[PDB]
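Raw contents of query26.txt, compact mmCIF, N, CA, C and O atoms:
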# COMPACT_ATOMS: atom_id res chain seq x y z
N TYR O 149 -3.56 23.37 -6.14
CA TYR O 149 -2.64 22.36 -5.63
C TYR O 149 -1.35 22.39 -6.45
O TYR O 149 -1.19 23.18 -7.38
N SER O 150 -0.43 21.50 -6.10
CA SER O 150 0.87 21.43 -6.75
C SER O 150 1.12 19.99 -7.18
O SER O 150 0.37 19.08 -6.84
N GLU O 151 2.19 19.74 -7.92
CA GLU O 151 2.43 18.38 -8.47
C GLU O 151 2.81 17.40 -7.37
O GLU O 151 2.67 16.19 -7.62
N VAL O 152 3.32 17.85 -6.22
CA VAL O 152 3.52 16.91 -5.13
C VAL O 152 2.19 16.46 -4.56
O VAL O 152 1.99 15.27 -4.28
N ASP O 153 1.25 17.39 -4.38
CA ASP O 153 -0.06 17.03 -3.84
C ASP O 153 -0.81 16.10 -4.78
O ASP O 153 -1.44 15.13 -4.33
N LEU O 154 -0.75 16.37 -6.08
CA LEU O 154 -1.42 15.50 -7.04
C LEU O 154 -0.84 14.09 -7.00
O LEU O 154 -1.59 13.11 -7.01
N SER O 155 0.49 13.97 -6.95
CA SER O 155 1.10 12.65 -6.90
C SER O 155 0.73 11.93 -5.60
O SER O 155 0.47 10.72 -5.60
N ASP O 156 0.72 12.66 -4.48
CA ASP O 156 0.36 12.05 -3.21
C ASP O 156 -1.07 11.52 -3.25
O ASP O 156 -1.34 10.41 -2.80
N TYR O 157 -2.00 12.31 -3.80
CA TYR O 157 -3.38 11.85 -3.91
C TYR O 157 -3.48 10.65 -4.84
O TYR O 157 -4.23 9.70 -4.56
N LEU O 158 -2.74 10.67 -5.95
CA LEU O 158 -2.79 9.55 -6.89
C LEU O 158 -2.32 8.26 -6.23
O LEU O 158 -2.98 7.22 -6.36
N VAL O 159 -1.19 8.31 -5.53
CA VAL O 159 -0.64 7.10 -4.93
C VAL O 159 -1.51 6.64 -3.76
O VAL O 159 -1.78 5.45 -3.60
N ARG O 160 -1.95 7.58 -2.93
CA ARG O 160 -2.67 7.22 -1.71
C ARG O 160 -4.01 6.56 -2.03
O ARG O 160 -4.36 5.54 -1.41
N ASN O 161 -4.77 7.11 -2.97
CA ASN O 161 -6.14 6.68 -3.20
C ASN O 161 -6.35 6.06 -4.57
O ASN O 161 -6.83 4.92 -4.66
N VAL O 162 -6.02 6.76 -5.65
CA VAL O 162 -6.50 6.36 -6.98
C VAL O 162 -5.89 5.03 -7.40
O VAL O 162 -6.61 4.11 -7.80
N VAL O 163 -4.56 4.90 -7.31
CA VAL O 163 -3.89 3.72 -7.86
C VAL O 163 -4.37 2.46 -7.15
O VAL O 163 -4.59 1.41 -7.77
N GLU O 164 -4.55 2.55 -5.83
CA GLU O 164 -4.94 1.37 -5.05
C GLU O 164 -6.26 0.80 -5.55
O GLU O 164 -6.40 -0.42 -5.68
N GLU O 165 -7.23 1.67 -5.83
CA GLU O 165 -8.52 1.20 -6.32
C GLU O 165 -8.45 0.81 -7.79
O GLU O 165 -9.12 -0.14 -8.21
N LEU O 166 -7.65 1.53 -8.58
CA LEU O 166 -7.54 1.20 -10.00
C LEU O 166 -6.99 -0.21 -10.19
O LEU O 166 -7.42 -0.93 -11.10
N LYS O 167 -6.04 -0.62 -9.35
CA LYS O 167 -5.53 -1.98 -9.44
C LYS O 167 -6.64 -3.00 -9.20
O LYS O 167 -6.58 -4.12 -9.73
N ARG O 168 -7.65 -2.64 -8.41
CA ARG O 168 -8.71 -3.58 -8.08
C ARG O 168 -9.65 -3.85 -9.25
O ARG O 168 -10.39 -4.84 -9.23
N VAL O 169 -9.64 -2.99 -10.28
CA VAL O 169 -10.55 -3.18 -11.40
C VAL O 169 -10.17 -4.45 -12.17
O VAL O 169 -9.01 -4.86 -12.23
N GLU O 170 -11.18 -5.08 -12.76
CA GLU O 170 -10.99 -6.32 -13.49
C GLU O 170 -10.17 -6.07 -14.75
O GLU O 170 -10.38 -5.08 -15.45
N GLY O 171 -9.22 -6.97 -15.02
CA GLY O 171 -8.41 -6.89 -16.21
C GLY O 171 -7.22 -5.96 -16.12
O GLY O 171 -6.48 -5.83 -17.10
N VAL O 172 -7.01 -5.30 -14.98
CA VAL O 172 -5.90 -4.38 -14.79
C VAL O 172 -4.67 -5.21 -14.44
O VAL O 172 -4.51 -5.65 -13.30
N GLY O 173 -3.80 -5.41 -15.42
CA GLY O 173 -2.59 -6.18 -15.17
C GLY O 173 -1.69 -5.52 -14.15
O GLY O 173 -1.25 -6.16 -13.18
N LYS O 174 -1.40 -4.24 -14.34
CA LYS O 174 -0.55 -3.52 -13.40
C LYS O 174 -0.78 -2.02 -13.53
O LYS O 174 -1.35 -1.56 -14.52
N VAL O 175 -0.34 -1.28 -12.52
CA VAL O 175 -0.37 0.17 -12.52
C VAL O 175 1.00 0.68 -12.09
O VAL O 175 1.49 0.30 -11.02
N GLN O 176 1.61 1.52 -12.91
CA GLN O 176 2.89 2.14 -12.61
C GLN O 176 2.68 3.62 -12.37
O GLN O 176 2.17 4.33 -13.25
N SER O 177 3.06 4.10 -11.19
CA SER O 177 2.89 5.49 -10.83
C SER O 177 4.12 6.30 -11.21
O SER O 177 5.25 5.92 -10.90
N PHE O 178 3.90 7.42 -11.89
CA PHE O 178 4.96 8.35 -12.25
C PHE O 178 5.06 9.51 -11.26
O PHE O 178 5.56 10.59 -11.61
N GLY O 179 4.60 9.29 -10.03
CA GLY O 179 4.72 10.28 -8.98
C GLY O 179 5.11 9.59 -7.69
O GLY O 179 5.10 8.36 -7.58
N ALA O 180 5.46 10.41 -6.70
CA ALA O 180 5.95 9.91 -5.42
C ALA O 180 5.08 10.43 -4.29
O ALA O 180 4.47 11.50 -4.39
N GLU O 181 5.02 9.65 -3.21
CA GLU O 181 4.24 10.04 -2.05
C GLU O 181 4.94 11.16 -1.29
O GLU O 181 6.14 11.42 -1.46
N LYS O 182 4.17 11.84 -0.44
CA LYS O 182 4.73 12.90 0.38
C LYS O 182 5.66 12.32 1.45
O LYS O 182 5.45 11.21 1.96
N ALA O 183 6.70 13.08 1.78
CA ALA O 183 7.70 12.64 2.74
C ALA O 183 8.28 13.86 3.44
O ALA O 183 8.17 14.99 2.96
N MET O 184 8.90 13.61 4.59
CA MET O 184 9.53 14.66 5.39
C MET O 184 10.98 14.80 4.96
O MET O 184 11.82 13.96 5.30
N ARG O 185 11.26 15.89 4.25
CA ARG O 185 12.60 16.11 3.67
C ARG O 185 13.41 17.07 4.53
O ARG O 185 12.96 18.20 4.72
N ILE O 186 14.57 16.63 5.00
CA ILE O 186 15.47 17.46 5.80
C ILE O 186 16.67 17.78 4.92
O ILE O 186 17.54 16.93 4.70
N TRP O 187 16.72 19.02 4.43
CA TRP O 187 17.83 19.50 3.61
C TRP O 187 18.87 20.10 4.54
O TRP O 187 18.65 21.17 5.13
N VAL O 188 20.00 19.42 4.68
CA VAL O 188 21.01 19.75 5.68
C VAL O 188 22.08 20.61 5.03
O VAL O 188 22.56 20.30 3.93
N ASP O 189 22.46 21.69 5.71
CA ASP O 189 23.55 22.53 5.24
C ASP O 189 24.87 22.01 5.80
O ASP O 189 25.07 22.07 7.02
N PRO O 190 25.77 21.48 4.97
CA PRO O 190 27.03 20.95 5.53
C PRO O 190 27.86 22.00 6.24
O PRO O 190 28.54 21.67 7.22
N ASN O 191 27.84 23.25 5.78
CA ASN O 191 28.66 24.28 6.40
C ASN O 191 28.24 24.54 7.84
O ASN O 191 29.08 24.72 8.72
N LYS O 192 26.93 24.57 8.09
CA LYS O 192 26.45 24.81 9.45
C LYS O 192 26.79 23.64 10.37
O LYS O 192 27.10 23.84 11.54
N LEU O 193 26.72 22.41 9.84
CA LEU O 193 26.99 21.24 10.68
C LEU O 193 28.41 21.27 11.23
O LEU O 193 28.62 21.00 12.42
N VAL O 194 29.39 21.58 10.39
CA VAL O 194 30.78 21.58 10.84
C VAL O 194 31.01 22.69 11.85
O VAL O 194 31.88 22.58 12.72
N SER O 195 30.24 23.78 11.76
CA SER O 195 30.41 24.88 12.70
C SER O 195 30.16 24.43 14.13
O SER O 195 30.91 24.80 15.05
N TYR O 196 29.12 23.63 14.34
CA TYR O 196 28.81 23.09 15.66
C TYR O 196 29.54 21.79 15.96
O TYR O 196 29.35 21.23 17.04
N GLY O 197 30.37 21.30 15.04
CA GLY O 197 31.10 20.07 15.25
C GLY O 197 30.29 18.81 15.07
O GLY O 197 30.77 17.73 15.45
N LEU O 198 29.09 18.89 14.51
CA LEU O 198 28.24 17.74 14.29
C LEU O 198 28.39 17.21 12.87
O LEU O 198 29.00 17.84 12.01
N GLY Y 51 3.05 -8.60 18.86
CA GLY Y 51 2.99 -7.43 19.71
C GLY Y 51 2.45 -6.17 19.07
O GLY Y 51 2.89 -5.08 19.44
N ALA Y 52 1.52 -6.28 18.13
CA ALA Y 52 0.95 -5.13 17.45
C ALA Y 52 -0.57 -5.17 17.48
O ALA Y 52 -1.19 -6.23 17.59
N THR Y 53 -1.17 -3.99 17.36
CA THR Y 53 -2.61 -3.87 17.27
C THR Y 53 -3.09 -4.35 15.90
O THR Y 53 -2.32 -4.43 14.94
N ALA Y 54 -4.38 -4.68 15.83
CA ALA Y 54 -4.95 -5.15 14.57
C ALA Y 54 -4.82 -4.10 13.48
O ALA Y 54 -4.62 -4.43 12.30
N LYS Y 55 -4.93 -2.82 13.85
CA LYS Y 55 -4.84 -1.75 12.86
C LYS Y 55 -3.47 -1.75 12.18
O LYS Y 55 -3.38 -1.60 10.95
N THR Y 56 -2.40 -1.91 12.95
CA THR Y 56 -1.06 -1.89 12.37
C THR Y 56 -0.88 -3.04 11.38
O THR Y 56 -0.35 -2.85 10.28
N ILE Y 57 -1.32 -4.24 11.76
CA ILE Y 57 -1.17 -5.39 10.87
C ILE Y 57 -2.01 -5.20 9.62
O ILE Y 57 -1.57 -5.53 8.51
N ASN Y 58 -3.23 -4.68 9.77
CA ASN Y 58 -4.08 -4.45 8.61
C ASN Y 58 -3.45 -3.44 7.65
O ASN Y 58 -3.51 -3.62 6.43
N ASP Y 59 -2.86 -2.38 8.20
CA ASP Y 59 -2.28 -1.34 7.34
C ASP Y 59 -0.97 -1.80 6.71
O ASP Y 59 -0.61 -1.34 5.63
N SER Y 60 -0.25 -2.70 7.38
CA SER Y 60 1.11 -3.05 6.96
C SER Y 60 1.19 -4.36 6.18
O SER Y 60 1.96 -4.44 5.22
N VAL Y 61 0.42 -5.37 6.55
CA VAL Y 61 0.61 -6.73 6.06
C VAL Y 61 -0.57 -7.20 5.20
O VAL Y 61 -0.39 -7.66 4.08
N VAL Y 62 -1.79 -7.08 5.73
CA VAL Y 62 -2.94 -7.74 5.10
C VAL Y 62 -3.16 -7.21 3.69
O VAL Y 62 -3.38 -7.98 2.75
N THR Y 63 -3.11 -5.88 3.52
CA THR Y 63 -3.45 -5.29 2.23
C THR Y 63 -2.53 -5.79 1.12
O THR Y 63 -2.99 -6.16 0.04
N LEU Y 64 -1.22 -5.80 1.38
CA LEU Y 64 -0.27 -6.20 0.35
C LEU Y 64 -0.49 -7.64 -0.08
O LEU Y 64 -0.45 -7.95 -1.28
N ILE Y 65 -0.74 -8.54 0.87
CA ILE Y 65 -0.95 -9.94 0.52
C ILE Y 65 -2.25 -10.11 -0.25
O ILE Y 65 -2.29 -10.80 -1.28
N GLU Y 66 -3.34 -9.50 0.24
CA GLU Y 66 -4.63 -9.70 -0.41
C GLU Y 66 -4.65 -9.11 -1.82
O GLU Y 66 -5.33 -9.64 -2.70
N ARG Y 67 -3.90 -8.03 -2.05
CA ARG Y 67 -3.86 -7.45 -3.39
C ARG Y 67 -3.41 -8.47 -4.42
O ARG Y 67 -4.03 -8.61 -5.48
N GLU Y 68 -2.34 -9.21 -4.13
CA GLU Y 68 -1.88 -10.23 -5.07
C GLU Y 68 -2.74 -11.48 -5.01
O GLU Y 68 -2.94 -12.15 -6.03
N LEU Y 69 -3.28 -11.81 -3.83
CA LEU Y 69 -4.14 -12.98 -3.71
C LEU Y 69 -5.43 -12.83 -4.50
O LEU Y 69 -6.07 -13.83 -4.83
N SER Y 70 -5.84 -11.59 -4.80
CA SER Y 70 -7.11 -11.38 -5.49
C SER Y 70 -7.16 -12.10 -6.83
O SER Y 70 -8.21 -12.60 -7.24
N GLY Y 71 -6.03 -12.18 -7.54
CA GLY Y 71 -6.00 -12.64 -8.91
C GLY Y 71 -5.75 -14.11 -9.14
O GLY Y 71 -5.50 -14.51 -10.28
N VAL Y 72 -5.81 -14.95 -8.10
CA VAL Y 72 -5.57 -16.37 -8.29
C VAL Y 72 -6.70 -16.98 -9.11
O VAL Y 72 -7.86 -16.55 -9.03
N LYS Y 73 -6.36 -17.99 -9.91
CA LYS Y 73 -7.34 -18.62 -10.79
C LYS Y 73 -8.36 -19.41 -9.98
O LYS Y 73 -8.09 -19.91 -8.89
N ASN Y 74 -9.57 -19.52 -10.54
CA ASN Y 74 -10.65 -20.31 -9.95
C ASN Y 74 -10.89 -19.91 -8.50
O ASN Y 74 -11.11 -20.75 -7.63
N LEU Y 75 -10.87 -18.61 -8.24
CA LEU Y 75 -11.06 -18.07 -6.90
C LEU Y 75 -12.49 -17.57 -6.76
O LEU Y 75 -12.87 -16.58 -7.39
N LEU Y 76 -13.28 -18.26 -5.93
CA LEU Y 76 -14.65 -17.82 -5.69
C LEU Y 76 -14.66 -16.51 -4.90
O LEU Y 76 -15.41 -15.58 -5.23
N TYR Y 77 -13.83 -16.42 -3.86
CA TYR Y 77 -13.68 -15.17 -3.13
C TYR Y 77 -12.48 -15.28 -2.20
O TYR Y 77 -11.82 -16.32 -2.13
N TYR Y 78 -12.20 -14.18 -1.50
CA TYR Y 78 -11.12 -14.13 -0.52
C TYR Y 78 -11.49 -13.18 0.60
O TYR Y 78 -12.08 -12.12 0.36
N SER Y 79 -11.12 -13.55 1.82
CA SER Y 79 -11.41 -12.76 3.01
C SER Y 79 -10.16 -12.67 3.87
O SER Y 79 -9.22 -13.45 3.72
N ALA Y 80 -10.15 -11.69 4.78
CA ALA Y 80 -9.02 -11.46 5.66
C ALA Y 80 -9.53 -11.07 7.04
O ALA Y 80 -10.56 -10.39 7.17
N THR Y 81 -8.80 -11.49 8.06
CA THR Y 81 -9.16 -11.24 9.45
C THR Y 81 -7.91 -10.86 10.24
O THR Y 81 -6.84 -11.43 10.04
N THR Y 82 -8.07 -9.88 11.13
CA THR Y 82 -7.00 -9.44 12.02
C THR Y 82 -7.59 -9.14 13.38
O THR Y 82 -8.59 -8.42 13.48
N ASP Y 83 -6.96 -9.68 14.43
CA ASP Y 83 -7.44 -9.48 15.80
C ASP Y 83 -6.31 -8.96 16.68
O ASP Y 83 -5.24 -8.61 16.19
N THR Y 84 -6.55 -8.89 17.99
CA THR Y 84 -5.59 -8.36 18.94
C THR Y 84 -4.51 -9.37 19.32
O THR Y 84 -3.71 -9.08 20.22
N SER Y 85 -4.47 -10.53 18.68
CA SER Y 85 -3.49 -11.56 19.00
C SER Y 85 -2.17 -11.38 18.27
O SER Y 85 -1.26 -12.20 18.45
N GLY Y 86 -2.03 -10.33 17.46
CA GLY Y 86 -0.81 -10.10 16.73
C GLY Y 86 -0.64 -10.94 15.48
O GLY Y 86 0.48 -11.01 14.95
N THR Y 87 -1.70 -11.58 15.00
CA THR Y 87 -1.64 -12.43 13.83
C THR Y 87 -2.75 -12.04 12.86
O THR Y 87 -3.79 -11.50 13.25
N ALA Y 88 -2.52 -12.32 11.58
CA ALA Y 88 -3.48 -12.04 10.52
C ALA Y 88 -3.67 -13.28 9.67
O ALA Y 88 -2.73 -14.04 9.43
N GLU Y 89 -4.90 -13.48 9.21
CA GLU Y 89 -5.26 -14.63 8.39
C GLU Y 89 -5.93 -14.15 7.11
O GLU Y 89 -6.66 -13.16 7.12
N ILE Y 90 -5.65 -14.84 6.01
CA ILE Y 90 -6.28 -14.58 4.72
C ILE Y 90 -6.73 -15.90 4.13
O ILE Y 90 -5.90 -16.76 3.83
N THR Y 91 -8.04 -16.07 3.98
CA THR Y 91 -8.62 -17.30 3.47
C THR Y 91 -9.11 -17.07 2.04
O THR Y 91 -9.96 -16.21 1.80
N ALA Y 92 -8.57 -17.85 1.11
CA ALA Y 92 -8.99 -17.82 -0.29
C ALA Y 92 -9.84 -19.05 -0.56
O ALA Y 92 -9.36 -20.18 -0.45
N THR Y 93 -11.11 -18.82 -0.89
CA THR Y 93 -12.05 -19.88 -1.20
C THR Y 93 -12.19 -19.99 -2.71
O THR Y 93 -12.61 -19.03 -3.37
N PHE Y 94 -11.83 -21.15 -3.25
CA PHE Y 94 -11.82 -21.40 -4.68
C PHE Y 94 -13.14 -22.03 -5.12
O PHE Y 94 -13.95 -22.47 -4.31
N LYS Y 95 -13.34 -22.07 -6.43
CA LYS Y 95 -14.58 -22.61 -6.97
C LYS Y 95 -14.70 -24.09 -6.61
O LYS Y 95 -13.70 -24.80 -6.55
N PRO Y 96 -15.92 -24.58 -6.37
CA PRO Y 96 -16.09 -26.00 -6.05
C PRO Y 96 -15.57 -26.88 -7.18
O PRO Y 96 -15.71 -26.55 -8.36
N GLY Y 97 -14.98 -28.01 -6.80
CA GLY Y 97 -14.39 -28.93 -7.76
C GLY Y 97 -12.94 -28.65 -8.09
O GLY Y 97 -12.32 -29.45 -8.80
N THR Y 98 -12.39 -27.54 -7.60
CA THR Y 98 -10.99 -27.22 -7.84
C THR Y 98 -10.08 -28.14 -7.04
O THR Y 98 -10.41 -28.58 -5.93
N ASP Y 99 -8.92 -28.44 -7.61
CA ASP Y 99 -7.92 -29.29 -6.96
C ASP Y 99 -7.29 -28.51 -5.81
O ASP Y 99 -6.87 -27.36 -5.99
If you took the structure in this file and wrote it as structure tokens, what would it be?
Amino acid sequence: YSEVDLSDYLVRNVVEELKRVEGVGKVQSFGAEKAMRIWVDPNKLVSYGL
Amino acid sequence: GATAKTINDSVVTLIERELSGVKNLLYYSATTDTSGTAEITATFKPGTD
């Protein structure tokens, strides 16, 4: 796996249950969930006038 | 105007997470139906104000 997959698994499943444990004041995640990233090329956009 | 699944995934979980930690709380339950509304009942220890 990769660090995006590990972070996605951590946020989706682990943290949610860890917060439920007794005495857990808070949980701060140092990773981000998976998302659909559209990296746009500005040069191509102007070519089509968009 | 939403299914019970949408409300459960979007609303109920966030509220119940914080509701879990209230003082003198015997337990807490949540209900969601096809009426577009969700309820969360927190039952506290007997004798609580």
- Item | segment 168-178 of chain O surroundings by only N, CA, C and O atoms, 8 Å radius, close-in-sequence under 6 positions cut, as a PyMOL selection string | (chain O and resi 151+155+158-159+162) or (chain Y and resi 67)
- What lies within 9 Å of residue 78 of chain Y using only C-alpha atoms, ignoring chain neighbours under 3 positions off, as a list in words?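 Within the cut-off, the hits are residues 66, 69, 70, 75, 90, 91, 92, 93 and 94 of chain Y.
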Go ahead and save the residues from that selection, with N, CA, C and O atoms, as a PDB file, in the frame of the given file.
ATOM      1  N   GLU Y  66      -3.340  -9.500   0.240  1.00  0.00           N
ATOM      2  CA  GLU Y  66      -4.630  -9.700  -0.410  1.00  0.00           C
ATOM      3  C   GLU Y  66      -4.650  -9.110  -1.820  1.00  0.00           C
ATOM      4  O   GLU Y  66      -5.330  -9.640  -2.700  1.00  0.00           O
ATOM      5  N   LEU Y  69      -3.280 -11.810  -3.830  1.00  0.00           N
ATOM      6  CA  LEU Y  69      -4.140 -12.980  -3.710  1.00  0.00           C
ATOM      7  C   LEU Y  69      -5.430 -12.830  -4.500  1.00  0.00           C
ATOM      8  O   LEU Y  69      -6.070 -13.830  -4.830  1.00  0.00           O
ATOM      9  N   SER Y  70      -5.840 -11.590  -4.800  1.00  0.00           N
ATOM     10  CA  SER Y  70      -7.110 -11.380  -5.490  1.00  0.00           C
ATOM     11  C   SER Y  70      -7.160 -12.100  -6.830  1.00  0.00           C
ATOM     12  O   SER Y  70      -8.210 -12.600  -7.240  1.00  0.00           O
ATOM     13  N   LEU Y  75     -10.870 -18.610  -8.240  1.00  0.00           N
ATOM     14  CA  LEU Y  75     -11.060 -18.070  -6.900  1.00  0.00           C
ATOM     15  C   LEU Y  75     -12.490 -17.570  -6.760  1.00  0.00           C
ATOM     16  O   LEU Y  75     -12.870 -16.580  -7.390  1.00  0.00           O
ATOM     17  N   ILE Y  90      -5.650 -14.840   6.010  1.00  0.00           N
ATOM     18  CA  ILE Y  90      -6.280 -14.580   4.720  1.00  0.00           C
ATOM     19  C   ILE Y  90      -6.730 -15.900   4.130  1.00  0.00           C
ATOM     20  O   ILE Y  90      -5.900 -16.760   3.830  1.00  0.00           O
ATOM     21  N   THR Y  91      -8.040 -16.070   3.980  1.00  0.00           N
ATOM     22  CA  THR Y  91      -8.620 -17.300   3.470  1.00  0.00           C
ATOM     23  C   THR Y  91      -9.110 -17.070   2.040  1.00  0.00           C
ATOM     24  O   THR Y  91      -9.960 -16.210   1.800  1.00  0.00           O
ATOM     25  N   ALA Y  92      -8.570 -17.850   1.110  1.00  0.00           N
ATOM     26  CA  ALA Y  92      -8.990 -17.820  -0.290  1.00  0.00           C
ATOM     27  C   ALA Y  92      -9.840 -19.050  -0.560  1.00  0.00           C
ATOM     28  O   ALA Y  92      -9.360 -20.180  -0.450  1.00  0.00           O
ATOM     29  N   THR Y  93     -11.110 -18.820  -0.890  1.00  0.00           N
ATOM     30  CA  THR Y  93     -12.050 -19.880  -1.200  1.00  0.00           C
ATOM     31  C   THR Y  93     -12.190 -19.990  -2.710  1.00  0.00           C
ATOM     32  O   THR Y  93     -12.610 -19.030  -3.370  1.00  0.00           O
ATOM     33  N   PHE Y  94     -11.830 -21.150  -3.250  1.00  0.00           N
ATOM     34  CA  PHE Y  94     -11.820 -21.400  -4.680  1.00  0.00           C
ATOM     35  C   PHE Y  94     -13.140 -22.030  -5.120  1.00  0.00           C
ATOM     36  O   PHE Y  94     -13.950 -22.470  -4.310  1.00  0.00           O
TER      37      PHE Y  94
END
- Please give the complete set of residues from chain O that DSSP, run on the backbone, assigns to helix (DSSP H, G or I), formatted as a VMD selection string. chain O and resid 151 to 168 190 to 195
- Could you jot down the atom CA of residue 82 of chain Y to atom CA of residue 167 of chain O separation for me, Å, one decimal place? 22.8 Å
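Here atom C of residue 79 of chain Y stands at a distance of 26.6 Å from atom CA of residue 157 of chain O.
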- How far is it from atom C of residue 64 of chain Y to atom C of residue 51 of chain Y, in Å with one decimal? 19.4 Å
Could you pull out every residue with an atom within 6 Å of (-3.0, -6.1, 17.3), file coordinates, counting only N, CA, C and O atoms, and send them as a short mmCIF file (atom, residue, chain, number, x, y, z; two decimals) with N, CA, C and O atoms, in the frame of the given file?
data_model
loop_
_atom_site.label_atom_id
_atom_site.label_comp_id
_atom_site.auth_asym_id
_atom_site.auth_seq_id
_atom_site.Cartn_x
_atom_site.Cartn_y
_atom_site.Cartn_z
N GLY Y 51 3.05 -8.60 18.86
CA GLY Y 51 2.99 -7.43 19.71
C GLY Y 51 2.45 -6.17 19.07
O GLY Y 51 2.89 -5.08 19.44
N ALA Y 52 1.52 -6.28 18.13
CA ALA Y 52 0.95 -5.13 17.45
C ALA Y 52 -0.57 -5.17 17.48
O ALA Y 52 -1.19 -6.23 17.59
N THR Y 53 -1.17 -3.99 17.36
CA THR Y 53 -2.61 -3.87 17.27
C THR Y 53 -3.09 -4.35 15.90
O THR Y 53 -2.32 -4.43 14.94
N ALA Y 54 -4.38 -4.68 15.83
CA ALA Y 54 -4.95 -5.15 14.57
C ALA Y 54 -4.82 -4.10 13.48
O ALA Y 54 -4.62 -4.43 12.30
N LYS Y 55 -4.93 -2.82 13.85
CA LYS Y 55 -4.84 -1.75 12.86
C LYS Y 55 -3.47 -1.75 12.18
O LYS Y 55 -3.38 -1.60 10.95
N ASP Y 83 -6.96 -9.68 14.43
CA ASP Y 83 -7.44 -9.48 15.80
C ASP Y 83 -6.31 -8.96 16.68
O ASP Y 83 -5.24 -8.61 16.19
N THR Y 84 -6.55 -8.89 17.99
CA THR Y 84 -5.59 -8.36 18.94
C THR Y 84 -4.51 -9.37 19.32
O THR Y 84 -3.71 -9.08 20.22
N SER Y 85 -4.47 -10.53 18.68
CA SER Y 85 -3.49 -11.56 19.00
C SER Y 85 -2.17 -11.38 18.27
O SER Y 85 -1.26 -12.20 18.45
N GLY Y 86 -2.03 -10.33 17.46
CA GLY Y 86 -0.81 -10.10 16.73
C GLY Y 86 -0.64 -10.94 15.48
O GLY Y 86 0.48 -11.01 14.95
#
- Would you please work out which residue, of O:166, O:180, O:198, O:152, is nearest to chain Y when using only C-alpha atoms?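 The closest residue to chain Y is O:166.
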- Message: I need the residues of chain Y that end up classed as strand (DSSP E) by DSSP on the backbone, written out as a ChimeraX atom specification.
- Response: /Y:75-82,88-94
If the box runs along x, y and z of the file and leaves 4 Å on each side of segment 68-86 of chain Y, what are its centre and edge lengths in Å, one decimal, as JSON?
{"center_x": -7.5, "center_y": -14.6, "center_z": 4.7, "size_x": 23.9, "size_y": 20.4, "size_z": 39.0}
